[PDB]
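Data block below; observations after.
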Amino acid sequence: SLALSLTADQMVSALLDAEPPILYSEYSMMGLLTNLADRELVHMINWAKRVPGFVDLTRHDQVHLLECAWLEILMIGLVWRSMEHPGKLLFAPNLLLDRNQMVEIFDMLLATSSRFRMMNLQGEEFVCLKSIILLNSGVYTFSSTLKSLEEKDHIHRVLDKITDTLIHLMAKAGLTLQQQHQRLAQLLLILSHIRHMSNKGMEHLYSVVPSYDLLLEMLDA
Amino acid sequence: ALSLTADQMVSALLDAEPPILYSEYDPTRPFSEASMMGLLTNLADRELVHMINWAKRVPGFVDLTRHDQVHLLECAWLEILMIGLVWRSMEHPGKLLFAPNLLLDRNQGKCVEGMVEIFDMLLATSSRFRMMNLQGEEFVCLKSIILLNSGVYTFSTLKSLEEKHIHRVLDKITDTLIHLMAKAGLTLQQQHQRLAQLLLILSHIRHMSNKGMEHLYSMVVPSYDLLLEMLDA
Ligand SMILES: C=CCn1nc(-c2ccc(O)cc2O)c2cccc(C(F)(F)F)c21
Ligand SMILES: C=CCn1nc(-c2ccc(O)cc2O)c2cccc(C(F)(F)F)c21
Ligand SMILES: C=CCn1nc(-c2ccc(O)cc2O)c2cccc(C(F)(F)F)c21
Ligand SMILES: C=CCn1nc(-c2ccc(O)cc2O)c2cccc(C(F)(F)F)c21
């Protein structure tokens, strides 16, 4: 109940400090990417616990948010890394792959990376977007208790704080009020496409995923 | 359409609104799995024709090439149906108003296997809109955004980047949404917060759409050709 008292700058600083490291691929291709994703997942948990307001929530709810968001988070991280490598996805510094190397998903990832490039997405805006995804992707599916409804409001209030943060970053960058609301919209609409990609990828898997207990156990430590 | 005032944008959108259709009459009740699917499938099909008329009247849409218009529709058609359903169902807590003569609750959708999830998700969204007091002029803006956004990234060449115009119009709709919020007397802070809240919901509407498609291929979606033919008129 005090991430609600943070300012835009403190919010950013906290998020920038919580950033996971860029991990390397250990050296088929599914093995390297699965292993990479697995090691990344462990850092994602500690990153989450450092997102302002996340630990204010019950364990059950923390797990659910991650359960619904973990894939979208890996994906937006990938897209951010690959921003300055047109036509290539930088899974790891030692694992840069082009188109020809689930092509649908690969193409959508490139498309999103190009979009971030065009917009000149800033690192400070990136960490904000990643936070939004965490708090948003599972908020509409929590369920009758006063506590549950107590969580929802809290999450919504934190998301408001992040919106305030994003706007502030744009004002500081010298954007007009009109340019501010426009860029906010452009950024948030991209999240819909990231959601879409996560869903597509998720059905390819069905065609051992982080289950509910796998995460709940990992959060304990 | 980049010359319209926010007021003129709202008016044009409101005028484009499709009519509410009825589920075909005197179906055998209670329902069977295949009876339900038939009624809803038939409804969606008849609604698709009107959605296209609506799209043609969305400012900026006609400026695109036929091919691009079909692509946006192929991607967004289901999301557009769903946001319409959620809007209709707003003042019916715990129920979904697929049609004025077809008001179903949680347990009347248990007919189909797995579609209960989607039912719950649709109900949750409707509650959210209700809680936010989503206004009509905001709804039409959100729907237009879905149309122009859902397929904008999954379209190179010079002519192609000029079409990606779409982002200008989306900016225009954002301006309109904000203007609507300023009129109502919201503070700047409140304005950007509400704008964010609305757009984040689109992410969830996308999700519900994807779950739908998932079960569709799990049990004859509007084809490219079909959508093109109906566009030509
Ligand atoms: C282009 C998506 C493939 N991909 N990406 C990833 C992936 C891994 C880590 C990461 O940070 C981002 C990713 O997209 C991945 C992980 C396991 C398996 C797969 C594959 F689809 F190939 F089976 C993974
Ligand atoms: C479900 C999609 C494939 N996949 N699997 C995984 C995956 C990674 C680790 C793990 O322990 C289990 C997984 O299914 C994955 C991770 C990131 C990105 C992707 C994707 F391919 F979708 F882009 C991943
Ligand atoms: C959530 C109910 C399922 N549903 N909804 C719809 C649907 C139809 C029209 C509309 O405006 C909104 C809808 O959710 C639908 C259409 C065809 C088939 C189905 C079914 F799942 F049963 F197979 C449909
Ligand atoms: C039955 C699969 C899902 N579906 N299919 C359809 C659908 C509608 C018309 C048509 O010609 C074919 C369809 O699969 C549909 C329409 C509205 C809502 C839904 C959904 F269930 F996802 F909510 C629809």
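Residue numbering restarts at 1 for every chain of the structure tokens, chains are lettered A, B, ... in their displayed order, and ligands are numbered from 1 as they appear.
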Hey, what's within 9 Å of stretch 104-121 of chain A if we count only C-alpha atoms and toss same-chain stuff fewer than 5 positions away? As a PDB file with N, CA and C atoms, in the first residue's frame, please?
ATOM      1  N   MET A  75       8.339 -13.006 -24.375  1.00  0.00           N
ATOM      2  CA  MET A  75       8.200 -12.510 -25.741  1.00  0.00           C
ATOM      3  C   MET A  75       8.546 -11.028 -25.898  1.00  0.00           C
ATOM      4  N   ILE A  76       8.062 -10.189 -24.985  1.00  0.00           N
ATOM      5  CA  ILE A  76       8.334  -8.755 -25.067  1.00  0.00           C
ATOM      6  C   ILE A  76       9.791  -8.453 -24.723  1.00  0.00           C
ATOM      7  N   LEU A  78      12.227 -10.598 -25.560  1.00  0.00           N
ATOM      8  CA  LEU A  78      12.865 -10.993 -26.810  1.00  0.00           C
ATOM      9  C   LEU A  78      12.772  -9.876 -27.842  1.00  0.00           C
ATOM     10  N   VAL A  79      11.571  -9.331 -28.006  1.00  0.00           N
ATOM     11  CA  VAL A  79      11.336  -8.270 -28.979  1.00  0.00           C
ATOM     12  C   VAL A  79      12.162  -7.023 -28.667  1.00  0.00           C
ATOM     13  N   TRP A  80      12.325  -6.727 -27.380  1.00  0.00           N
ATOM     14  CA  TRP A  80      13.118  -5.579 -26.954  1.00  0.00           C
ATOM     15  C   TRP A  80      14.596  -5.775 -27.279  1.00  0.00           C
ATOM     16  N   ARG A  81      15.105  -6.973 -27.009  1.00  0.00           N
ATOM     17  CA  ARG A  81      16.496  -7.295 -27.307  1.00  0.00           C
ATOM     18  C   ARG A  81      16.768  -7.210 -28.804  1.00  0.00           C
ATOM     19  N   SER A  82      15.784  -7.620 -29.600  1.00  0.00           N
ATOM     20  CA  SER A  82      15.951  -7.738 -31.045  1.00  0.00           C
ATOM     21  C   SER A  82      15.693  -6.424 -31.780  1.00  0.00           C
ATOM     22  N   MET A  83      15.363  -5.378 -31.031  1.00  0.00           N
ATOM     23  CA  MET A  83      14.962  -4.101 -31.619  1.00  0.00           C
ATOM     24  C   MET A  83      15.968  -3.539 -32.622  1.00  0.00           C
ATOM     25  N   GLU A  84      17.257  -3.662 -32.318  1.00  0.00           N
ATOM     26  CA  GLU A  84      18.292  -3.116 -33.192  1.00  0.00           C
ATOM     27  C   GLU A  84      18.957  -4.189 -34.050  1.00  0.00           C
ATOM     28  N   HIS A  85      18.182  -5.208 -34.403  1.00  0.00           N
ATOM     29  CA  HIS A  85      18.649  -6.268 -35.288  1.00  0.00           C
ATOM     30  C   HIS A  85      17.537  -6.649 -36.257  1.00  0.00           C
ATOM     31  N   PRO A  86      17.255  -5.766 -37.227  1.00  0.00           N
ATOM     32  CA  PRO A  86      16.170  -5.960 -38.194  1.00  0.00           C
ATOM     33  C   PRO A  86      16.265  -7.304 -38.911  1.00  0.00           C
ATOM     34  N   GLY A  87      15.149  -8.021 -38.978  1.00  0.00           N
ATOM     35  CA  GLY A  87      15.101  -9.299 -39.661  1.00  0.00           C
ATOM     36  C   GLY A  87      15.690 -10.429 -38.841  1.00  0.00           C
ATOM     37  N   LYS A  88      16.061 -10.127 -37.602  1.00  0.00           N
ATOM     38  CA  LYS A  88      16.650 -11.128 -36.722  1.00  0.00           C
ATOM     39  C   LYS A  88      16.067 -11.064 -35.316  1.00  0.00           C
ATOM     40  N   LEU A  89      15.974 -12.223 -34.674  1.00  0.00           N
ATOM     41  CA  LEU A  89      15.538 -12.303 -33.287  1.00  0.00           C
ATOM     42  C   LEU A  89      16.713 -12.679 -32.397  1.00  0.00           C
ATOM     43  N   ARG A  99      14.904 -15.145 -40.183  1.00  0.00           N
ATOM     44  CA  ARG A  99      13.669 -15.803 -40.592  1.00  0.00           C
ATOM     45  C   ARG A  99      13.889 -17.261 -40.995  1.00  0.00           C
ATOM     46  N   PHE A 126       9.788   0.500 -21.806  1.00  0.00           N
ATOM     47  CA  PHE A 126       9.777  -0.955 -21.902  1.00  0.00           C
ATOM     48  C   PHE A 126       9.455  -1.619 -20.566  1.00  0.00           C
ATOM     49  N   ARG A 183       0.816   8.339 -27.961  1.00  0.00           N
ATOM     50  CA  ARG A 183       1.874   7.355 -27.763  1.00  0.00           C
ATOM     51  C   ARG A 183       1.487   6.322 -26.708  1.00  0.00           C
ATOM     52  N   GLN A 186      -0.790   3.946 -28.608  1.00  0.00           N
ATOM     53  CA  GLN A 186       0.019   3.124 -29.498  1.00  0.00           C
ATOM     54  C   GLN A 186       0.730   2.013 -28.732  1.00  0.00           C
ATOM     55  N   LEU A 187       1.274   2.357 -27.569  1.00  0.00           N
ATOM     56  CA  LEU A 187       2.001   1.393 -26.752  1.00  0.00           C
ATOM     57  C   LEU A 187       1.092   0.301 -26.191  1.00  0.00           C
ATOM     58  N   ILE A 190      -0.213  -2.349 -28.693  1.00  0.00           N
ATOM     59  CA  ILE A 190       0.788  -3.361 -29.010  1.00  0.00           C
ATOM     60  C   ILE A 190       0.669  -4.562 -28.076  1.00  0.00           C
ATOM     61  N   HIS A 193      -1.439  -7.343 -29.365  1.00  0.00           N
ATOM     62  CA  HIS A 193      -0.754  -8.176 -30.349  1.00  0.00           C
ATOM     63  C   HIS A 193       0.191  -9.160 -29.672  1.00  0.00           C
ATOM     64  N   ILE A 194       0.748  -8.741 -28.542  1.00  0.00           N
ATOM     65  CA  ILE A 194       1.630  -9.603 -27.765  1.00  0.00           C
ATOM     66  C   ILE A 194       0.800 -10.706 -27.123  1.00  0.00           C
ATOM     67  N   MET A 197       0.066 -13.212 -29.824  1.00  0.00           N
ATOM     68  CA  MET A 197       1.218 -14.071 -30.074  1.00  0.00           C
ATOM     69  C   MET A 197       1.379 -15.125 -28.983  1.00  0.00           C
ATOM     70  N   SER A 198       1.143 -14.727 -27.738  1.00  0.00           N
ATOM     71  CA  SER A 198       1.228 -15.655 -26.616  1.00  0.00           C
ATOM     72  C   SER A 198       0.203 -16.774 -26.769  1.00  0.00           C
ATOM     73  N   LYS A 200      -1.208 -17.795 -29.670  1.00  0.00           N
ATOM     74  CA  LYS A 200      -0.778 -18.613 -30.797  1.00  0.00           C
ATOM     75  C   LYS A 200       0.297 -19.603 -30.371  1.00  0.00           C
ATOM     76  N   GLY A 201       1.331 -19.099 -29.710  1.00  0.00           N
ATOM     77  CA  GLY A 201       2.393 -19.950 -29.211  1.00  0.00           C
ATOM     78  C   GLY A 201       1.866 -21.016 -28.271  1.00  0.00           C
TER      79      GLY A 201
ATOM     80  N   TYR B 153      -0.559  -5.209 -37.851  1.00  0.00           N
ATOM     81  CA  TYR B 153       0.828  -5.666 -37.813  1.00  0.00           C
ATOM     82  C   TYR B 153       1.065  -6.905 -38.670  1.00  0.00           C
ATOM     83  N   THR B 154      -0.005  -7.632 -38.974  1.00  0.00           N
ATOM     84  CA  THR B 154       0.115  -8.875 -39.728  1.00  0.00           C
ATOM     85  C   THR B 154      -0.246  -8.700 -41.200  1.00  0.00           C
TER      86      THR B 154
END
Using only C-alpha atoms and all ligand atoms, find each residue with an atom at most 8 Å away from ligand 2 and format the answer as a compact mmCIF listing (two decimals) with C-alpha atoms, in the first residue's frame.
# COMPACT_ATOMS: atom_id res chain seq x y z
CA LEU A 33 15.50 -22.25 -26.38
CA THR A 34 13.73 -24.38 -23.77
CA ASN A 35 16.79 -24.29 -21.53
CA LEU A 36 17.12 -20.54 -22.10
CA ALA A 37 13.45 -19.98 -21.32
CA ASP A 38 13.72 -22.12 -18.17
CA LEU A 41 11.80 -18.03 -15.75
CA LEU A 71 4.95 -16.20 -21.96
CA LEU A 74 9.49 -13.69 -22.37
CA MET A 75 8.20 -12.51 -25.74
CA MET A 102 6.15 -22.02 -36.26
CA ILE A 105 5.07 -16.78 -34.52
CA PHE A 106 8.58 -15.87 -35.67
CA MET A 197 1.22 -14.07 -30.07
CA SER A 198 1.23 -15.65 -26.62
CA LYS A 200 -0.78 -18.61 -30.80
CA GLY A 201 2.39 -19.95 -29.21
CA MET A 202 0.35 -21.55 -26.45
CA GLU A 203 -1.67 -23.67 -28.91
CA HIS A 204 1.52 -24.81 -30.65
CA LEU A 205 2.58 -26.34 -27.33
CA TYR A 206 -0.66 -28.29 -27.01
CA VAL A 208 6.57 -29.35 -19.19
CA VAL A 209 4.86 -25.95 -19.18
CA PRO A 210 4.98 -23.84 -15.99
Handout entry: Shortest interatomic distance to residue B:72 - which of B:46, B:168, B:56, B:159, counting only C-alpha atoms
Key = B:56
Problem - Expected answer as a list in words: strand (DSSP E or B) residues in stretch 86-135 of chain B - result: residues 95, 96, 97, 98, 99, 102, 103, 104 and 105 of chain B
Taking only C-alpha atoms into account, produce a table as JSON lines in which each residue of chain A with an atom at most 6 Å from an atom of chain B appears once, together with its shortest atom pair and the distance in Å to one decimal, ordered by chain and rising number.
{"residue": "A:160", "atom": "CA", "partner": "B:193", "partner_atom": "CA", "distance": 5.7}
{"residue": "A:182", "atom": "CA", "partner": "B:171", "partner_atom": "CA", "distance": 5.7}
{"residue": "A:192", "atom": "CA", "partner": "B:203", "partner_atom": "CA", "distance": 4.2}
For chain B against ligand 3, with a cut-off of 7 Å and counting only C-alpha atoms and all ligand atoms, what is the closest atom pair and its distance in Å to one decimal for every residue that makes the cut, ordered by chain and number, as a tab-separated table?
residue	atom	partner	partner_atom_place_in_ligand_line	distance
B:36	CA	ligand 3	22 (F)	5.9
B:37	CA	ligand 3	22 (F)	4.0
B:38	CA	ligand 3	18 (C)	6.8
B:40	CA	ligand 3	16 (C)	3.9
B:41	CA	ligand 3	17 (C)	3.5
B:43	CA	ligand 3	9 (C)	5.5
B:44	CA	ligand 3	9 (C)	4.1
B:47	CA	ligand 3	11 (O)	6.8
B:81	CA	ligand 3	11 (O)	4.4
B:82	CA	ligand 3	12 (C)	5.1
B:84	CA	ligand 3	11 (O)	6.5
B:85	CA	ligand 3	12 (C)	5.4
B:98	CA	ligand 3	10 (C)	5.8
B:112	CA	ligand 3	22 (F)	6.6
B:115	CA	ligand 3	1 (C)	5.9
B:118	CA	ligand 3	1 (C)	5.7
B:119	CA	ligand 3	1 (C)	5.1
Selected residues written out with N, CA, C and O atoms, as a CSV table (one decimal), in the first residue's frame:
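Once written, again-v4.csv looks like this:
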chain,number,residue,atom,x,y,z
B,36,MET,N,-28.0,-25.1,-30.1
B,36,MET,CA,-27.4,-23.8,-29.7
B,36,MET,C,-26.4,-23.3,-30.7
B,36,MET,O,-26.6,-22.2,-31.2
B,37,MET,N,-25.4,-24.1,-31.1
B,37,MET,CA,-24.4,-23.7,-32.1
B,37,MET,C,-25.0,-23.2,-33.4
B,37,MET,O,-24.5,-22.3,-34.0
B,38,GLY,N,-26.1,-23.9,-33.8
B,38,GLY,CA,-26.8,-23.5,-35.0
B,38,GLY,C,-27.4,-22.1,-34.9
B,38,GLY,O,-27.2,-21.2,-35.8
B,40,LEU,N,-26.6,-19.6,-32.8
B,40,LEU,CA,-25.5,-18.6,-32.6
B,40,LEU,C,-24.8,-18.4,-33.9
B,40,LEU,O,-24.4,-17.3,-34.3
B,41,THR,N,-24.5,-19.5,-34.6
B,41,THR,CA,-23.8,-19.5,-35.9
B,41,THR,C,-24.6,-18.7,-36.9
B,41,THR,O,-24.1,-17.8,-37.6
B,43,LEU,N,-26.9,-16.4,-36.3
B,43,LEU,CA,-26.9,-15.0,-35.9
B,43,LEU,C,-25.6,-14.3,-36.4
B,43,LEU,O,-25.7,-13.2,-37.0
B,44,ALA,N,-24.5,-14.9,-36.0
B,44,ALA,CA,-23.2,-14.3,-36.4
B,44,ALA,C,-23.1,-14.1,-37.9
B,44,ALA,O,-22.7,-13.0,-38.4
B,47,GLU,N,-25.1,-11.2,-39.0
B,47,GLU,CA,-24.5,-10.0,-38.4
B,47,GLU,C,-23.3,-9.5,-39.2
B,47,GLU,O,-22.9,-8.3,-39.2
B,81,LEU,N,-17.8,-8.8,-32.9
B,81,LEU,CA,-19.0,-9.5,-32.5
B,81,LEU,C,-19.0,-9.5,-31.0
B,81,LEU,O,-20.1,-9.3,-30.4
B,82,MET,N,-17.9,-9.9,-30.4
B,82,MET,CA,-17.8,-10.1,-28.9
B,82,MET,C,-18.0,-8.8,-28.1
B,82,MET,O,-18.6,-8.8,-27.1
B,84,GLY,N,-19.6,-6.3,-29.1
B,84,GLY,CA,-21.0,-5.9,-29.3
B,84,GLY,C,-21.9,-6.7,-28.3
B,84,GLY,O,-22.7,-6.1,-27.7
B,85,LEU,N,-21.6,-8.0,-28.2
B,85,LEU,CA,-22.3,-8.8,-27.2
B,85,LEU,C,-22.1,-8.3,-25.8
B,85,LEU,O,-23.1,-8.2,-25.1
B,98,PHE,N,-27.2,-12.2,-26.5
B,98,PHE,CA,-26.9,-12.5,-27.9
B,98,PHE,C,-27.9,-11.9,-28.8
B,98,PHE,O,-27.6,-11.4,-29.9
B,112,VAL,N,-22.8,-26.5,-24.4
B,112,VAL,CA,-21.6,-26.8,-25.2
B,112,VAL,C,-20.4,-27.1,-24.3
B,112,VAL,O,-20.4,-26.6,-23.1
B,115,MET,N,-17.2,-24.1,-23.9
B,115,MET,CA,-17.6,-22.7,-24.2
B,115,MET,C,-18.1,-22.0,-22.9
B,115,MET,O,-18.3,-20.8,-23.0
B,118,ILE,N,-15.4,-19.3,-22.1
B,118,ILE,CA,-15.7,-18.1,-22.9
B,118,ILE,C,-16.9,-17.3,-22.3
B,118,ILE,O,-16.9,-16.1,-22.3
B,119,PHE,N,-17.9,-18.0,-21.9
B,119,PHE,CA,-19.1,-17.4,-21.4
B,119,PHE,C,-18.7,-16.6,-20.1
B,119,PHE,O,-19.1,-15.4,-20.0
Fill in the blank from the handout: Using only C-alpha atoms, the residue out of A:125, A:61, A:130, A:5 with shortest distance to residue A:142 is A:61
Handout entry: Pick from A:214, A:45, A:73, A:189 nearest to residue A:137, counting only C-alpha atoms
Key = A:73
Practice task
Please write out the residues within 6 Å of ligand 4 as a PyMOL selection string, counting only C-alpha atoms and all ligand atoms.
Solution key: chain B and resi 41+44-45+78+209+212-213+215-216+220-222
Take the residues from that selection and write them out as a PDB file, in the first residue's frame, keeping N, CA, C and O atoms.
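So selection-v7.pdb came out as:
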ATOM      1  N   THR B  41     -24.498 -19.522 -34.641  1.00  0.00           N
ATOM      2  CA  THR B  41     -23.795 -19.470 -35.920  1.00  0.00           C
ATOM      3  C   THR B  41     -24.598 -18.678 -36.945  1.00  0.00           C
ATOM      4  O   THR B  41     -24.056 -17.826 -37.648  1.00  0.00           O
ATOM      5  N   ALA B  44     -24.493 -14.878 -36.042  1.00  0.00           N
ATOM      6  CA  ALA B  44     -23.209 -14.294 -36.413  1.00  0.00           C
ATOM      7  C   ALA B  44     -23.120 -14.052 -37.916  1.00  0.00           C
ATOM      8  O   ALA B  44     -22.671 -12.995 -38.359  1.00  0.00           O
ATOM      9  N   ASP B  45     -23.553 -15.038 -38.694  1.00  0.00           N
ATOM     10  CA  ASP B  45     -23.521 -14.940 -40.151  1.00  0.00           C
ATOM     11  C   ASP B  45     -24.316 -13.740 -40.663  1.00  0.00           C
ATOM     12  O   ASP B  45     -23.835 -12.981 -41.506  1.00  0.00           O
ATOM     13  N   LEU B  78     -14.418 -11.426 -35.233  1.00  0.00           N
ATOM     14  CA  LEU B  78     -14.868 -12.111 -34.024  1.00  0.00           C
ATOM     15  C   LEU B  78     -14.789 -11.207 -32.792  1.00  0.00           C
ATOM     16  O   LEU B  78     -15.675 -11.224 -31.938  1.00  0.00           O
ATOM     17  N   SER B 209     -11.268 -13.798 -28.073  1.00  0.00           N
ATOM     18  CA  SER B 209     -11.381 -14.106 -29.492  1.00  0.00           C
ATOM     19  C   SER B 209     -10.540 -15.327 -29.840  1.00  0.00           C
ATOM     20  O   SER B 209     -11.006 -16.246 -30.515  1.00  0.00           O
ATOM     21  N   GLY B 212     -11.937 -18.506 -28.648  1.00  0.00           N
ATOM     22  CA  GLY B 212     -13.037 -18.879 -29.518  1.00  0.00           C
ATOM     23  C   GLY B 212     -12.548 -19.631 -30.739  1.00  0.00           C
ATOM     24  O   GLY B 212     -12.973 -20.757 -30.999  1.00  0.00           O
ATOM     25  N   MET B 213     -11.645 -19.006 -31.489  1.00  0.00           N
ATOM     26  CA  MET B 213     -11.062 -19.626 -32.673  1.00  0.00           C
ATOM     27  C   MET B 213     -10.489 -21.003 -32.349  1.00  0.00           C
ATOM     28  O   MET B 213     -10.521 -21.912 -33.179  1.00  0.00           O
ATOM     29  N   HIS B 215     -11.540 -23.270 -30.188  1.00  0.00           N
ATOM     30  CA  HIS B 215     -12.576 -24.292 -30.097  1.00  0.00           C
ATOM     31  C   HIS B 215     -13.296 -24.473 -31.429  1.00  0.00           C
ATOM     32  O   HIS B 215     -13.895 -25.517 -31.688  1.00  0.00           O
ATOM     33  N   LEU B 216     -13.237 -23.445 -32.268  1.00  0.00           N
ATOM     34  CA  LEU B 216     -13.836 -23.500 -33.593  1.00  0.00           C
ATOM     35  C   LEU B 216     -13.121 -24.559 -34.420  1.00  0.00           C
ATOM     36  O   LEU B 216     -13.753 -25.364 -35.106  1.00  0.00           O
ATOM     37  N   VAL B 220     -16.240 -23.163 -39.973  1.00  0.00           N
ATOM     38  CA  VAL B 220     -16.157 -22.749 -41.367  1.00  0.00           C
ATOM     39  C   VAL B 220     -16.023 -21.212 -41.441  1.00  0.00           C
ATOM     40  O   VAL B 220     -16.587 -20.550 -42.311  1.00  0.00           O
ATOM     41  N   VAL B 221     -15.247 -20.671 -40.501  1.00  0.00           N
ATOM     42  CA  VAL B 221     -14.933 -19.239 -40.396  1.00  0.00           C
ATOM     43  C   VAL B 221     -15.041 -18.453 -41.702  1.00  0.00           C
ATOM     44  O   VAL B 221     -14.690 -18.961 -42.767  1.00  0.00           O
ATOM     45  N   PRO B 222     -15.525 -17.201 -41.617  1.00  0.00           N
ATOM     46  CA  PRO B 222     -15.587 -16.274 -42.751  1.00  0.00           C
ATOM     47  C   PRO B 222     -14.285 -16.259 -43.548  1.00  0.00           C
ATOM     48  O   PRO B 222     -13.255 -15.815 -43.040  1.00  0.00           O
TER      49      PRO B 222
END
